[PDB]
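As a starting point, one isolated chain is supplied in structure tokens, in the form deposited in one PDB entry.
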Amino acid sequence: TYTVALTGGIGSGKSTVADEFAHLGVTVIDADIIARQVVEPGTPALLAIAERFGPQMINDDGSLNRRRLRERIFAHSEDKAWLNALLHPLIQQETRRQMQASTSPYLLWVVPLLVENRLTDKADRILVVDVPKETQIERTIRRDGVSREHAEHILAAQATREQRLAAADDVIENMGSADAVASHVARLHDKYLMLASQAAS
């Protein structure tokens, strides 16, 4: 299936832009979303986590207490392997199920480390969601409750803005009015529909 890889730095709005494509009927694959769904309330994986590490891993609303699980892995690095063994097969299975169930003309794959892990060859097209550096920092501080200095450290551990733009086939700036960003998505959607038809012929 024709595949567009969406990437961008922390705070740029990968998920925000992907949602607009989803609204146009595009199947969006995002490993972070899938990882959250495999540990949703009532899931067997969440039960396994609670039975190993304790009922305090479950909040009163039935969801995973993510901070308590991060604390457990921080104190016991060996439990990272256990968590990976539990969750990776479920994430792989659900990724494949979603691919198979899709009936849209193309797939949008959210790939946060596309450039860093050198995956710029798997997708038919690369879309970069871009914002100024200061915008990344401001949106990350707000969402994640980190210091500006912490946000800067994350940026330094990710691909540079220039590297991401160099790899992009198309760039969407997640700035200005939300309506215009959505119109930009609609224009790219038509481009991708036509490229998918061209590939199919």
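In this text, the rigid core denotes the largest set of C-alpha atoms whose superposition between the two forms falls within 1.5 Å. Start at 1 and count along the sequence shown; that's the residue number.
Form deposited in another entry: not shown, discussed below.
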item	value
Residue shift check between this form and the one not shown, rigid core fit, residue 72 Cα at least 2 Å	yes
C-alpha of residue 32 moved at least 2 Å between this form and the one not shown on rigid core	yes
Distance direction in the other form for the C-alpha atoms of residue 142 and residue 66, relative to the displayed form (3 angstroms or more)	farther
Inter-Cα distance between residue 70 and residue 142 in the other form, nearer or further [3 Å or more]	farther
